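Chains as they are written, first to last, in the entry's author numbering: chain ib, 1 to 145; chain ja, 2 to 262; chain eb, 3 to 65; chain ca, 2 to 117, 155 to 216. All C-beta atoms, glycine included, are put in the ideal place defined by N, C-alpha and C.
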Amino acid sequence: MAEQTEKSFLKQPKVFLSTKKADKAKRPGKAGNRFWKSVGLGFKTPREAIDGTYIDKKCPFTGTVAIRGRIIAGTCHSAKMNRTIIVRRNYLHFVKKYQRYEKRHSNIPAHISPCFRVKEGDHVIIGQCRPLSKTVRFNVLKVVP
Amino acid sequence: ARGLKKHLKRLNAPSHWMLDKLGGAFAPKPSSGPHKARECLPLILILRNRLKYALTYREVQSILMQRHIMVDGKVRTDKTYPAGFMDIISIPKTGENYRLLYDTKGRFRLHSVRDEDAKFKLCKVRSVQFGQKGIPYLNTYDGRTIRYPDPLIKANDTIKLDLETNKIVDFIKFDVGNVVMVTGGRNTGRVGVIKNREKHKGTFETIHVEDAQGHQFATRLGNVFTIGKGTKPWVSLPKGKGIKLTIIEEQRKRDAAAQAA
Amino acid sequence: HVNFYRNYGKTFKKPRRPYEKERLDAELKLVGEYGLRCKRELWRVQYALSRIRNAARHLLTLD
Amino acid sequence: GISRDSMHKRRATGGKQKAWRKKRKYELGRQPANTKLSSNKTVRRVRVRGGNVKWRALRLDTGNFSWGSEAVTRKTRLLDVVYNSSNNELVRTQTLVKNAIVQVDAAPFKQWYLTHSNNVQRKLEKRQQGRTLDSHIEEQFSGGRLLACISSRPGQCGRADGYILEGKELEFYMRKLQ
RNA sequence: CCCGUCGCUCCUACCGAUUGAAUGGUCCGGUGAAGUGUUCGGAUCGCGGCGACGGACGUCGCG
RNA sequence: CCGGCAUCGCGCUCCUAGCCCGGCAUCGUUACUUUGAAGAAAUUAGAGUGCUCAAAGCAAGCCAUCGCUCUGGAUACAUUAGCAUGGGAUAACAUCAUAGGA
RNA sequence: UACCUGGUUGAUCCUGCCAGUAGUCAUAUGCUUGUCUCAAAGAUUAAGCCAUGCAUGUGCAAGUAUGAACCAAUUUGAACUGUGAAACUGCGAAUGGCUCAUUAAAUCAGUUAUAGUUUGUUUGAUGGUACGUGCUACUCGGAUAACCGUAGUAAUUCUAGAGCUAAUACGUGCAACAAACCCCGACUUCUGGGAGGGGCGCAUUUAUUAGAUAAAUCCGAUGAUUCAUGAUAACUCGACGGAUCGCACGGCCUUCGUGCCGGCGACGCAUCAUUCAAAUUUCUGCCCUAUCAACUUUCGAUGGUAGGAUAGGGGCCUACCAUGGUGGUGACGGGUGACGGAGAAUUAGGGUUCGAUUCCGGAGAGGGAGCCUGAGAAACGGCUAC
Ligand SMILES: [Mg+2]
Ligand SMILES: [Mg+2]
Ligand SMILES: [Mg+2]
Ligand SMILES: [Mg+2]
Ligand SMILES: [Mg+2]
Ligand SMILES: [Mg+2]
Ligand SMILES: [Mg+2]
Ligand SMILES: [Mg+2]
Ligand SMILES: [Mg+2]
Ligand SMILES: [Mg+2]
Ligand SMILES: [Mg+2]
Ligand SMILES: [Mg+2]
Ligand SMILES: [Mg+2]
Ligand SMILES: [Mg+2]
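#1: Please name the residue in ja/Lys125, ja/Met19, ja/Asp73 and ja/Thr232 whose C-alpha comes closest to that of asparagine 179 of chain ja.
#2: Short of 6 Å in beta carbon distance, which residues of its chain neighbour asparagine 35 of chain ca, apart from the five on each side in sequence? Order them along the chain.
#3: Quick check: what's the CA-CA separation for residue 139 of chain ca versus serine 190 of chain ca?
#4: Does any CB atom of chain ib fall closer than 9 Å to the CB of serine 190 of chain ca?
#5: Measuring CB atoms only, is the stretch 110-121 of chain ib touching the stretch 72-86 of chain ib, in the sense that at least three cross pairs come out at less than 8 Å?
#6: Thinking C-alpha only, which one of ja/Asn224, ja/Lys106 and ja/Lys242 is nearest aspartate 158 of chain ja?
#7: Can you tell me the Cα-Cα spacing of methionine 19 of chain ja and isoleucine 45 of chain ja, whole angstroms?
#8: How many angstroms separate the CA atom of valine 92 of chain ca from the CA atom of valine 98 of chain ca?
#9: Below 9 Å on C-beta distance, what does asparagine 100 of chain ca contact in chain ib?
#10: Going by the DSSP bridge assignment, what does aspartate 163 of chain ja pair with across the sheet?
#11: Hey, is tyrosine 21 of chain eb's beta-carbon within less than 9 Å of any beta-carbon in chain ja?
#12: Taking the continuous alpha helix (DSSP H) assigned at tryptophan 45 of chain eb, which residues delimit it?
#13: Considering only heavy atoms of ligand 7, does any lie closer than 8 Å to the CB of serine 16 of chain ja?
#14: Using a Cβ-Cβ distance under 9 Å, would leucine 9 of chain ja count as near chain eb?
#15: Between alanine 28 of chain ja and chain eb, is there a C-beta pair that is closer than 9 Å?
#16: So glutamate 3 of chain ib and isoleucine 55 of chain ib are supposed to be a Cβ contact under 8 Å. How far apart are they, rounded?
#17: Note down the Cα distance separating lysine 7 of chain ib from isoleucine 136 of chain ja, rounded to an integer number of angstroms.
#18: Does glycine 203 of chain ja come within less than 9 Å of chain ib when only Cβ atoms are used?
#19: Can you give me the start and stop residues for the alpha helix (DSSP H) that residue 127 of chain ca sits inside?
#20: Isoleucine 92 of chain ja bridges to which residues according to DSSP?
#21: What residue ranges within the stretch 33-118 of chain ib form continuous alpha helix (DSSP H) runs of no fewer than 4 residues, ordered along the chain?
#22: Is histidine 60 of chain eb close to chain ja? Criterion is C-beta to C-beta, closer than 9 Å.
#23: Taking the beta carbon of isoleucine 248 of chain ja as the centre, do at least 16 other beta carbons fall within 10 Å, making it buried, or is it exposed?
#24: According to DSSP, simplified to helix, strand and coil, what is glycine 121 of chain ib?
#25: Would you call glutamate 163 of chain ca buried or exposed, if buried means 16 or more other Cβ atoms sit within 10 Å of its Cβ?
#26: If distances are taken between C-alpha atoms only, which option among ja/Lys230, ja/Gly193, ja/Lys75 and ja/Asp163 comes closest to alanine 219 of chain ja?
#27: On a Cα-Cα basis, can you pick out the residue from ja/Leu111, ja/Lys120 and ja/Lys240 that is closest to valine 170 of chain ja?
#28: Just grab the DSSP bridge partners of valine 225 of chain ja for me.
#29: So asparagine 5 of chain eb contacts chain ja; which residues on that side make the cut at Cβ distance below 9 Å?
#30: For the stretch 67-77 of chain ib against the stretch 120-132 of chain ib, do three or more pairs of beta-carbon atoms, one drawn from each stretch, fall closer than 8 Å, so that the two count as touching?
#31: Just curious, the alpha helix (DSSP H) that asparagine 156 of chain ca is in, first and last residue?
#32: Mark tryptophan 68 of chain ca as exposed unless 16 or more other C-beta atoms lie within 10 angstroms of its C-beta, in which case mark it buried.
#33: Spell out a yes or no on whether the stretch 76-90 of chain ja and the stretch 34-43 of chain ja are touching, meaning 3 or more CB-CB pairs, one atom from each, closer than 8 Å.
#34: Using 9 Å as the threshold, is the C-beta distance between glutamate 211 of chain ja and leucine 222 of chain ja below it?
#35: Taking C-beta to C-beta, are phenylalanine 138 of chain ib and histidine 105 of chain ib nearer than 9 Å?
#36: Beta carbon of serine 32 of chain ja: closer than 8 Å to some heavy atom of ligand 7?
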């Protein structure tokens, strides 16, 4: 459909689509149903991920990646990549001699599941996963515009 | 390094072994076993250091090659064997039996027990789950794996294990209201009673404990080890009944004990 | 090489001002009256005293 | 030799990265197997970390293929590779990798479907109540072969295993083979 | 009291025609030892079938 | 010095839940501060102890200094970052006039 | 000890530096040197070069002793007995020791993660089917050292050929059911049935399927999983599933036959868990320099899909596609007479400077590069090449 735009047919692992005795209430990812999961740590699975048609191996809610480690919160800084954003963390670093502060920042790449929509400069909550690319080790879980 | 390390330099040895810093360049380096080598007490220290049954390295070996020392029911001739918390060390030749328990200062002590209370130990369960062919089995925190447990025993609980029959004989359900002896951190040695448990999704669970003499403290789940059901514990306590005290309390203890002498 | 781990320390300290008559005479008074062999014996007593006084002052600062 | 460390890479800033180390053996890679599809089967063992073994298959001829909706898996032959989504030159070289598209003799499947006295017919008749067998599979059968996808790593486990395409997947690869 | 030019003695640095000189690295182009993987190869070495043939022989059994 | 209430204290099914009753959890975030956990030893500070003193060391001391007794081998500091707990003055950043409010 | 003093003037009060004054677990050098305890010592320049010697080998009752021995010595079946050298087999040599050249978000420290992996060994638990047409196990190989003997070469733990002989070396090779369930399926009666009888340990790989609510007979785990785990269909030219070794004896006959047994141990195979660890990995933190403002990107620079490779995640690498990524909050470059930390010196407080060196982590073995063995090495008291 809209997802099948690449040189190979993209599908979720371990869901048998051409099932014989199908159903609408067995379990997520059983009898042909699209698979989804709840990440945990008090986050809620977006409805657009639940009844979604996108296929994303790296999505927190429908893909194979697990969220574990740190939970950082920041603001979106760049959304000009395919399914990946750069977020800014702004923080205060203490300068001990002068007993004062200075403003520092860090750029964190994070994978953005198609179930979200991000402008530039939205509040994002990202959670850590296994390395997904050279620089990405975090996944977007919440977006507040 | 291109492989495993086999020496333990004396300054890097655990602080609760109380090894003196000029007594050589190396420390015994506990061999792999049922305890994590930073929370164990090798046989070299049990014989040579604490019990003063031997004066040198080689005397400990002369003791062990003769099959006197028995650890938890089997004879262990390895010299750096990692004996640990709640193990039993038995010398039948002298007919003497010790349970390894903590003292309030965080150091292992050999508490003498009777022969009745040496055929059993307690052990905390690491987890329970299925194995090959659907068989359920539980993990302890000292290596033992038991198959076909009571289907109620869940993780973090305690079990009594007879050394003779090697199976379970009773268990304690980890929960609020039981006595627990702390096995890590600064509070190791202190017994107490579980008063509160607060969960935190994605981090360590923390336990809030209250001593019998009123002092209140806290630790994390991994460092708590239940001893008994209810306020009564199932096993003997050492010279102090697991009650921490301030430095001023023991200063008073020394000076008050200095008037009768 | 163990035995490198044995501690050792300094017990005295020389005066900041080498030649001042007042301190010179005050120190010689003690070196004579108590039959000490040299100034170092007086200075190590002073250094031990200064240690115990710093400890006392710190404890007095607290509540 | 071939290596899997990040040292030769440039930093994310694009700054060059100085060499502070030599290459470590726990970082190695090996050259690929590019398993050809040919009769003279050859699978050659590899000693890998931990003392374990991987089976590098250099040349395979038969395979194990599952037909999902019918819940049967049978050994068969591989006749050709027709489409590879990574590189066409792999197709031109008849190289087997995971997710390649292959044609399969399908006769063992046909003979299973030939199956499915009195009690025997009172079971053929129990079945055939749910016979669907969408025409897309039927046409391929009359052709003699089935389109299949490899679901194993021949250069890793030394085998060519897979499934027959069905439904959305089958029709997608059909329109791509056009 | 004091300024500068010029002359003498010592010192320090600067520019500099001279494709000045030496030296190490880097990039691109080429040549490329040796190892590792692979394709052939096959000295000889193994049931040395067999014809039931007279230690040989070759058809060999595959390694 | 503080708990526990009451004035004109936005709620609870679910955990703790007194004999109809305090003290319940998500529908703004931080800095700051308080307390705790987890923090290698050696070094530093520091408790004990007459190596003859000291620099040290981690010992030793009593027994009738007779078939062994009592033992010790504390405690603390650890900026910044990370985890958790109470406070909500001070100061940030986000924001009730489209009522799309409860 | 929260401290100052000499010096610009004819004299004054200042600014301001110079000089003094003290320390250094700080190096050298000079003069001197009686006792006791203590203990740094080719780091700095040359991570420059090395004669010679030594630094890693190893035996239990428990792998293999007529190859030649010592010591018993046999009554001359039966032992090479008791004790062994040598040699095969196994294991270890990947730890320790030394140094600080390279290395400035690198290493490293605190703090995370593996639901992203490997792990000889220790410890606990565990283990049927090998073919028999699953109807209780189905047979024993050759060849090599120590030795013996003929040599080569100037030469070396350089080497060729011949005669012997072992195994826990090497190579074959018996297999424990109800088959529990699953698919076939001659006939029976009509099936919802009965069914005679052929194909189904543990690993490998793939696929399908199960793995349970919500208040008016659901039943393991996590913060979170298509999880643990079970069933099913197949696959593989399967690493595997004991042809081994020590003493001890000691009940009882079925041929009274080392007779039926039966123990305590050693070593070894495979799986899980544990322990001993490693590898990757999250957040924050590092000196001077702008007379270093743009850098990276064709040739991987940032991301996406599918693969290949790896123990495993990942542009790690390949193909295709998108145009990103870092930067005055200092990127990129340059200097470092820069390994990081614990720590050191001086310290009223705040600070300043140092940290080659015995503990932790990293890195290297003349410079690069490539490897074999192995659980573990990109090893150098291992190899190959320059
Ligand atoms: Mg080393
Ligand atoms: Mg050891
Ligand atoms: Mg001052
Ligand atoms: Mg003047
Ligand atoms: Mg004058
Ligand atoms: Mg000066
Ligand atoms: Mg990619
Ligand atoms: Mg991938
Ligand atoms: Mg350097
Ligand atoms: Mg140097
Ligand atoms: Mg070191
Ligand atoms: Mg090295
Ligand atoms: Mg050299
Ligand atoms: Mg090397």
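Walking through what the data contain:
#1: Minimum Cα-Cα distance from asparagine 179 of chain ja among the listed residues ja/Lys125, ja/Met19, ja/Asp73 and ja/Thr232 corresponds to ja/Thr232.
#2: The residues are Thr96.
#3: In this structure residue 139 of chain ca is absent; chain ca steps straight from 117 to 155.
#4: Not a single CB atom of chain ib sits nearer than 9 Å to the CB of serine 190 of chain ca.
#5: Yes: at least three Cβ pairs fall under 8 Å.
#6: Ranking the options by Cα distance to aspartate 158 of chain ja, first place goes to ja/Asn224.
#7: Spanning the alpha carbons of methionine 19 of chain ja and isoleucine 45 of chain ja requires a straight line of approximately 13 Å.
#8: About 10 Å.
#9: Going along chain ib in sequence order, the residues near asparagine 100 of chain ca (Cβ under 9 Å) are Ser8.
#10: In DSSP, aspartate 163 of chain ja forms a bridge with ja/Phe121.
#11: No, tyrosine 21 of chain eb lies away from the interface with chain ja (no Cβ there is under 9 Å from its Cβ).
#12: Unbroken alpha helix (DSSP H) run through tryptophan 45 of chain eb: 41-63.
#13: For ligand 7, not one heavy atom lies less than 8 Å from the Cβ of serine 16 of chain ja.
#14: No, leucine 9 of chain ja does not count as interfacial toward chain eb.
#15: Among the CB atoms of chain eb, none fall inside 9 Å of the CB of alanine 28 of chain ja.
#16: Cβ-Cβ separation between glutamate 3 of chain ib and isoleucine 55 of chain ib: approximately 5 Å, consistent with a contact (criterion under 8 Å).
#17: Distance between the alpha carbons of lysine 7 of chain ib and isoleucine 136 of chain ja: 46 Å.
#18: Yes - at least one Cβ of chain ib is within 9 Å of the one on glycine 203 of chain ja.
#19: Between 117 and 155 the numbering of chain ca has a gap, and residue 127 of chain ca falls inside it, with no coordinates.
#20: Looking at the DSSP output, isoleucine 92 of chain ja sits in a beta bridge with ja/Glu97.
#21: Runs of the alpha helix (DSSP H) lying entirely within the stretch 33-118 of chain ib and spanning at least 4 residues, in chain order: 47-50.
#22: Cβ-Cβ to chain ja under 9 Å: no for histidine 60 of chain eb.
#23: That one is exposed.
#24: Coil, per DSSP.
#25: Burial call: exposed.
#26: Nearest of ja/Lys230, ja/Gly193, ja/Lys75 and ja/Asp163 to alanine 219 of chain ja, Cα basis: ja/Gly193.
#27: The residue with the shortest Cα to Cα distance from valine 170 of chain ja is ja/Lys120.
#28: Its beta-bridge partners are ja/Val183.
#29: Chain ja residues near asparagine 5 of chain eb: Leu23.
#30: The way I'd put it, the stretch 67-77 of chain ib does touch the stretch 120-132 of chain ib; three or more beta-carbon pairs between them come closer than 8 Å.
#31: Element bounds for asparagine 156 of chain ca: 156-162.
#32: Classification for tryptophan 68 of chain ca: buried.
#33: These segments touch.
#34: The answer is no: Cβ separation not under 9 Å.
#35: For the pair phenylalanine 138 of chain ib and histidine 105 of chain ib, the CB atoms are not nearer than the 9 Å cut-off.
#36: Because no heavy atom of ligand 7 lies under 8 Å away, the Cβ of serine 32 of chain ja does not count as near it: no.
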